[PDB]
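# part one of the complex, left exactly where it sits:
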Amino acid sequence: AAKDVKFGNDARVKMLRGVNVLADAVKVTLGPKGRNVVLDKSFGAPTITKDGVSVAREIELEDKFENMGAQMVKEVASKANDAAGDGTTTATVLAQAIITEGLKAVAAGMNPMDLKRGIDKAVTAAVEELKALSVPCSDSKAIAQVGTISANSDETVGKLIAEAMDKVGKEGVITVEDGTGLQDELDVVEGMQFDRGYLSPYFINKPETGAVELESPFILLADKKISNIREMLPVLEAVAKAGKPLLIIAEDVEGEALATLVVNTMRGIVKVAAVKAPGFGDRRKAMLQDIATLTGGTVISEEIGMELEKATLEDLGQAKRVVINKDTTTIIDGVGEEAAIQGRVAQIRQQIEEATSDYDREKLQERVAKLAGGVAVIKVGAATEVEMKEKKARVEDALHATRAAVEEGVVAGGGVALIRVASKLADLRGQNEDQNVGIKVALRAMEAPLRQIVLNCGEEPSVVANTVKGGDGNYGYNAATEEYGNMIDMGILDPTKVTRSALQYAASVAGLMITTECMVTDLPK
Amino acid sequence: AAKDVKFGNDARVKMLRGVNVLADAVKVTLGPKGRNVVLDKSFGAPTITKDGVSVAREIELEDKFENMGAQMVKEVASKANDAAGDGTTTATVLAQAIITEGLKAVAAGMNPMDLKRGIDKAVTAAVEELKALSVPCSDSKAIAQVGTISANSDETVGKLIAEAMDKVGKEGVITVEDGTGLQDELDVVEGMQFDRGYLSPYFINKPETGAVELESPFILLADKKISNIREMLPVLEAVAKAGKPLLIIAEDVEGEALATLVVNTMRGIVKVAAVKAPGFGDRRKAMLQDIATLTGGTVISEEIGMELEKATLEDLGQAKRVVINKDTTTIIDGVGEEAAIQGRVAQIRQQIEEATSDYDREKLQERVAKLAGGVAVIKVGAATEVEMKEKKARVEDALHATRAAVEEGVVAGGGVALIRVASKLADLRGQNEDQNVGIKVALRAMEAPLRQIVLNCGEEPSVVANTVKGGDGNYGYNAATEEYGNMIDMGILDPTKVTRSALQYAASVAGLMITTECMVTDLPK
């Protein structure tokens, strides 16, 4: 199809307009006191929200080049959120600040390479200072405090998270489910987790979380590529009985069988979830065999000459609950008999004793840790049902926050860590008058989060920013109570990973947009 | 799809225009002497109404942003009506007054946060004063007078309501049905009510009330999630015989089964009503078993290994009449034999004697109260049929009014309670010159109901408002007779819940619109 092509400043102005529209819509919700955005709906009353993810989801522009700019910033913010677990609006704010200043500089006649170099060196220095500023969070008390803070001053949630990480290790697997009464019950079962997501996004039955959930499902353990429906039709017919879902774990499922399964799921004949087998090479079969032993199943591989046609319900495995994420699959409470679990664990342990390679033994300890660690289950108790659901959501968010906090520590919240590092780095210089303009652009953009937070609350950003810069350590401004104080003592924290990820991804997208020479899109016809 | 995005005053002006159109259309019907609105119809002659609910239902705007404003106000007015049982037009009037003044203030340069704070504190003070004014209505005589007033001076309606509440308790279940002759007959049967509405809005066969009604229906007591039609085809086939409706009470019905049932109901092959089982956790099965023993049925649960395929008409329960609301299900006159119900009551009573927790014994007290209280039935007698239907509607509205009156008491009607509180609070002050503008906005908007009532009747609002403010207590203006006097003695009352709900929801929507920074809607294409 015929294309529209733009070069140079003509492309830059369109990207700048799109970025400004997106960020202007999204940034008014930053902080604890964000303003309201009314999002229209096809039918009924609109949606009034203070969340930036929701606002960014429904932002689409009629002009194609401005739409390119908006989508470019949006997908980088999504990447930052995925990597860190939080920080979409902050990353968007940083990206807009850097992009606006840098594109103004480029339009004046400066060398884009020098600006990009200055921005990159400023960001690297800031990241080093951020590492210097961070304080470790590894002991139980700090973990509980971080959980309570992330649960909006809910001490029970932090208590449960601390108990779970003390039970199954801080690097283990934790899952939350619905409870029965008002009691928060925690228990340990046998399971494992491997990083393979669903093959198609059309299998998702929980759009609230964007994940696939199965209750007491059968699993097909095929060590081959699925190529024809005729191979799986008897298995599908057997699964249709008793009304139980089926989980497909095989080497790969290509177009025709994937389309058949997607159509079946949409019309609801049989609910099927498909996931690729973990790993590759000769270790993939070991991973699959460990899964089969955990779930008490049988591996169907062409090497043994086994056919999916002659497969009954016996060969399938059974698990209590299975959760499939975008890029992660969790198996919880397999029915595989436990003495067989001990026998397999002992066998691979003896293999470990025979390991002669560093990488090989590392993979073997990975396998034994996955197989013998188990998973932790936290059951949410409440009086009514809606509060139980929102409490479960709070527990999930607190788990995501606590994982990053344990990974890299915590820094003062409210946007004051970036102010600390920017005030530290005020002496940084570049080799060129254009690399100096880039260094000033990146350091000026670290005050944007706190300034926008104070602006949303309704005070004067300049006075509060000056007062915070004048202080030292964790001195900062509490937006909820409109008073100053030590941010740690007021319980306003951010994990270091969130801040670092947001800053780095904003700088990345800004550098990509600064050195862009052409944009090609379809005609507006 | 591409979106249109507006910021700031550009959004505020559009919301203001939409709110003005909606409220100007709806407020001319307020009071006993409202004017006429001519609503067009697809075919034939128009509809002429003095009711604001009907007028608000058919208001749409061609401009998208103004339509967002109108729908925003309409949805909050509907919330107020649902919470209090009455007060849609009053809530719309209060909301328009506050929104207009506050948006004018915001456009002039005042700070939205301070305005919202002033409005909120004025409303809280008004609510406290309204609680101060209210007088109790708990004894039988006051209940009878409130019922008579709510039934347009119909003493028989109040007599029946007072008898029913003295019979089955002021917090019991009361239902009204069609009678046989001219006699108003009241009787007590065995029944239960639980707060679970219909699964889909397409099951409603009575658009006049917006409720589902079933006569002698069978009930399916399934303690499992229903997902495949093949589980229920035999049961549906059995139900199709004898031409009796079926009510589904289960854990949940997912996409395809719900769609199949909706299609079957729409084409009328079998009339089916679907409703979710009450509660959750381990108590949900207790409630389901109590329902089963009430209606003489059998619980079909996968734990016992029972299948819906091998289910005949025997396992189903039978009830004389079942009514389903938007969020409430009522079962009247179950065929369950009384000795089984009494033995169940004794069993849970012995459980209560063994209760060791306050909230646990609270659930148990709720259960025994629901199971042993029963329901009251009021049968409407009249000479003709149209008169009987109109009297039944009057009885229903009187029941809704009397419930709120018992819950929170009564205050003088005609809009004079709000004048009383506004005149009381004339000394209230704020911390800022912008919080003072907010306080004056909220207190000035409390005279809007009485002024609009007097304007609709045809007098001068200012003279009557001044005369009423001059008085004290229950002194007020009768719009029907154009005469002053004591409101209580002339029988013009409002429940305190209606006034409080209208004021609070109006202030809520006004605060939402004041602090709105962006509006995103689809392109007009």
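Received, thanks. Numbering: from 1, shown residues only, chains lettered A, B, ... in the order given.
# residues from chain A in reach of chain B?
Residues of chain A lying near chain B by Cβ under 8 Å from any Cβ of the partner chain: A:21, A:24-25, A:28, A:35-40, A:44-46, A:48, A:55, A:58-62, A:67, A:178-182, A:243, A:267-268, A:271, A:383, A:385, A:388, A:457-458. Any C-beta I mention is one placed from the backbone N, CA and C, and that applies to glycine too.
# Mind doing that once more with 7 Å?
A:21, A:24-25, A:28, A:35-40, A:45-46, A:48, A:58-62, A:179-181, A:243, A:268, A:385, A:458 (Cβ under 7 Å from any Cβ of the partner chain).
# Which among those count as buried?
Taking 16 or more other Cβ atoms under 10 Å in any protein chain shown as the criterion, what is buried in those is A:21, A:25, A:28, A:35-40, A:45-46, A:48, A:58-61, A:179, A:181, A:243, A:268, A:458.
# contacting residues for the residue in the stretch 401-525 of chain A positioned nearest to chain B?
Residue of the stretch 401-525 of chain A nearest chain B, by Cβ to the nearest Cβ: residue A:458 (4.1 Å). Contacts for residue A:458 (Cβ atoms under 7 Å, 6 or more residues apart in numbering or on different chains) come out as B:111, B:113.
# Tell me how far it lies from residue B:370.
Residue A:458 is 49 Å from residue B:370, where distance means Cβ to Cβ, to the nearest Å.
# now swap in residue A:516 and tell me
68 Å.
# likewise residue A:302?
According to Cβ to Cβ, residue A:302 and residue B:370 sit 61 Å apart.
# Spatially, what comes nearest to whichever residue of the stretch 301-450 of chain A sits closest to chain B if we skip its sequence neighbours?
As assessed by Cβ to the nearest Cβ, chain B sits closest to residue A:385 within the stretch 301-450 of chain A, at 5.0 Å. Once flanking residues are discounted, residue A:385 sits nearest to residue B:280: 5.0 Å by Cβ to Cβ, 6 or more residues apart in numbering or on different chains.
# with the structure above as the base, add chain C:
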Amino acid sequence: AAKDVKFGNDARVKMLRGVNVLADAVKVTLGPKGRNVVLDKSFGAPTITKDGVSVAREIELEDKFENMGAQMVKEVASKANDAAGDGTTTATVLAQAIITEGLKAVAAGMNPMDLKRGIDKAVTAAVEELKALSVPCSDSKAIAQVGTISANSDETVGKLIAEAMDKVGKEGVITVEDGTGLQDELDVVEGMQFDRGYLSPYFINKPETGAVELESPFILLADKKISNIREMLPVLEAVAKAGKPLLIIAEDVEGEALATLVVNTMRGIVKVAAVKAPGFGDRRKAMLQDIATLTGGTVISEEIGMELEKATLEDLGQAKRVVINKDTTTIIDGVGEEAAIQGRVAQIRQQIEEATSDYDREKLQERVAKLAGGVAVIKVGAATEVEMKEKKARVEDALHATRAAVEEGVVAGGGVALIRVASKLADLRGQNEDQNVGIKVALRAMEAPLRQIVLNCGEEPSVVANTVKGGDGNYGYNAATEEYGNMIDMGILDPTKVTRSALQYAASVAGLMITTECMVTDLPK
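So, slotting chain C in with the rest:
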């Protein structure tokens, strides 16, 4: 359909506009530091790329004559890339330079014949000088260095390529496959390669490479033209069992059977790849028989009176892996037993001893070398999977580079060889004042690659070009480190075939455009 016809300068201006748009979009990505081009996508976030092939693929123009110019340059650039393995962007840059200057000269009144003659003689002289500069690369050490350089300083890739070419000869067959662990394993099996591509482009299941890949496929060895499906239904029905793909190698497949096979592949019933038999005449049957012996099959020829209807799985051959390219078919690890292979080799060797013609014996040595050489397999080992895939792609590109390097040697990269030859040929003269304008146009366009590389890096092209011209030998500019030095020592090489092919194809397309008198296209309706 009605056409639009343009003559002379009206056609030239449109072609010039199209060529300018294409080259302006594509050339900003040239070198190690090319800028970014944002390519819109139908859904989601755009594509940001620094690769000229991707940018050139998605360029279409709304104007039809300008689109002729763009497609004309694009197709010749693709030819150059196919012939040399690299040099699409460089060929585009050279073509644009020559075309622009030559068309400017033509529009002024100079004779197109003389301009074309001058350009042709300048290019021939440059090719001779480029042959003079080239340094041979045939010994193992130079091969290893060339492989390492082409693999981005990856010594293991070069080591593997050198080992493979030392095993199976520098003119042998090399194939890369996915490995198992982290070990790079190299082995030799029995196979052959013949230059026959897929019959239809719809059989390709690997759009990343644009090739057909089959795993353990059956092959149909038919020595006749296939035209009726009824001949080939039973064989496909047999093939559908066990879910194995089928490779069709016959004299030719006409419209009906090819369409049926394409439809079957598209809907995924049976995966079929079709290829024409190699050669022609009486040698074609000998080649087909050699393939059949290699794969342990049976030739189905009408001369023996064999029918495809009475063909079972026995007559088909089996191979471990088969790869089909655009114009090349590779058979790897046939199941043909080795003693039969040796007997066949001895038989054709005895035939060679009886050869009495030079060309005939040349065909016989071709046959024996292809039959007895075998193929080399290189297996890529890595830790993760994405790394393994990227490394395999790097190995493939290094193989393409090393083949050309062995074929013709290497010259200094960065565009300094063309500067060397242009500075050598500054004394060249033509017979006419119009042939002198053509000679200056061709020599001025040889500095365009280095100037564009330096422009993309951010320096001043004139100063760097002058410094490079002042030097001698392999002195040149390193764009990655912005430092001068000897190009060989910094490891910036470029095969002579790539440069020669790019220059020649650019001159060809320029000469075609210069002597073009008319352009016929469809109406814009």
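# Mind listing what's buried along the strand or helix carrying residue A:83?
Residue A:83 is part of helix A:64-84 when elements are defined by DSSP states H and E. By 16+ other Cβ under 10 Å, the buried positions in helix A:64-84 come out as A:64-74, A:76-81, A:83-84.
# Stretch A:105-115 too?
Using 16+ other Cβ under 10 Å as the test for burial, stretch A:105-115 gives A:105, A:106, A:110, A:111, A:112, A:113, A:114, A:115.
# What about those residues, which are in helices?
Among the buried residues of stretch A:105-115, the residues falling in helices (DSSP state H) are A:105, A:106, A:112, A:113, A:114, A:115.
# In TSV: these, plus distance to residue C:435.
Formatted as TSV, those follow (distance: Cβ to Cβ, whole Å):
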residue	distance to residue C:435
A:105	49
A:106	45
A:112	42
A:113	42
A:114	45
A:115	47
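# just those residues now: which is nearest residue C:125?
Closest approach between those and residue C:125, by Cβ to Cβ: residue A:113, at 37.2 Å.
# What segments of the stretch 51-200 of chain A are strands?
A:173-178, A:185-189, A:191-194 (DSSP state E, counting those that start in this stretch).
# thinking again about what came up before, which ones among the buried residues of stretch A:105-115 also lie next to chain C?
Filtering the buried residues of stretch A:105-115 for proximity to chain C by Cβ under 7 Å from any Cβ leaves A:111, A:113.
# and the buried residues of stretch A:105-115, which two are the farthest apart?
A:105 and A:113 (12.4 Å).
# May I have the secondary structure class of the residue in the stretch 301-450 of chain A positioned nearest to chain C?
The minimum distance from the stretch 301-450 of chain A to chain C, using Cβ to the nearest Cβ, falls at residue A:359 (6.6 Å). State at residue A:359, reduced to three classes by DSSP: H, G, I helix; E, B strand; the rest coil: helix.
# throw chain D on there as well:
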Amino acid sequence: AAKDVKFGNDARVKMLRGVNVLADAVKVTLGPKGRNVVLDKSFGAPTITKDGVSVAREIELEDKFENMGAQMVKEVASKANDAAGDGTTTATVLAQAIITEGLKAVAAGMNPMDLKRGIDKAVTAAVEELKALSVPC
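Time to bring in chain D:
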């Protein structure tokens, strides 16, 4: 009459565009290998000239902000012709170069008055050096 008001960078880019139009017309005639400019005259035949002030006195633009820029830069050539009788193309070239680099420095956040003071100091020192560098003729 009614007026049009432009603030900041918009004004500066319009002004620089006008400066560039006039300077690009004038600068093609500089040196031993400069060329001629044909000037249309309402009364008579066109004049073919290689003089800087003759070309500069002729330029007027359609846009009014760009016309302001051109009208301001024209005074350099006018004054140079009035004072020395020669050297007007060189003056125009220098003025355009200074304006371009100064606007680049201003867009980087510098104070224009301090830049102006620095330019003045540099030019004063330069004139002293030029006086020191001459020889009698």
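# Same as before for the buried residues of stretch A:105-115, with chain D this time.
By neighbour count with 16+ other Cβ under 10 Å, stretch A:105-115 contains the buried residues A:105, A:106, A:107, A:108, A:110, A:111, A:112, A:113, A:114, A:115.
# what does the domain assignment say about chain A?
The record's domain parsing of chain A by CATH domains of a matching chain lists A:1-134+A:410-524, A:135-190+A:372-409, A:191-371.
# Could you pull out the buried residues of stretch A:120-138?
Those would be A:120, A:121, A:122, A:123, A:125, A:126, A:127, A:129, A:130, A:133, A:134, A:137, for stretch A:120-138 by 16+ other Cβ under 10 Å.
# One more: stretch A:304-323?
For stretch A:304-323, using 16+ other Cβ under 10 Å, the buried residues are A:306, A:308, A:311, A:315, A:316, A:317, A:318, A:319, A:320, A:321, A:322, A:323.
# Ok, stretch A:370-382 next?
Neighbour-count burial for stretch A:370-382 flags A:370, A:371, A:373, A:374, A:375, A:376, A:377, A:378, A:379, A:380, A:381, A:382 (criterion: 16+ other Cβ under 10 Å).
# okay if I get the residues you listed as a markdown table plus secondary structure and distance to residue B:210?
Output for the buried residues of stretch A:370-382, formatted as a markdown table (DSSP: H, G, I helix; E, B strand; the rest coil; distance: Cβ to Cβ, whole Å):
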| residue | secondary structure | distance to residue B:210 |
| --- | --- | --- |
| A:370 | helix | 55 |
| A:371 | helix | 57 |
| A:373 | helix | 54 |
| A:374 | coil | 51 |
| A:375 | strand | 47 |
| A:376 | strand | 47 |
| A:377 | strand | 42 |
| A:378 | strand | 41 |
| A:379 | strand | 38 |
| A:380 | strand | 34 |
| A:381 | coil | 35 |
| A:382 | coil | 31 |
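# For the residues you listed, which two are the farthest from each other?
Using Cβ to Cβ, the two most remote members of the buried residues of stretch A:370-382 are A:371 and A:382, lying 34.1 Å apart.
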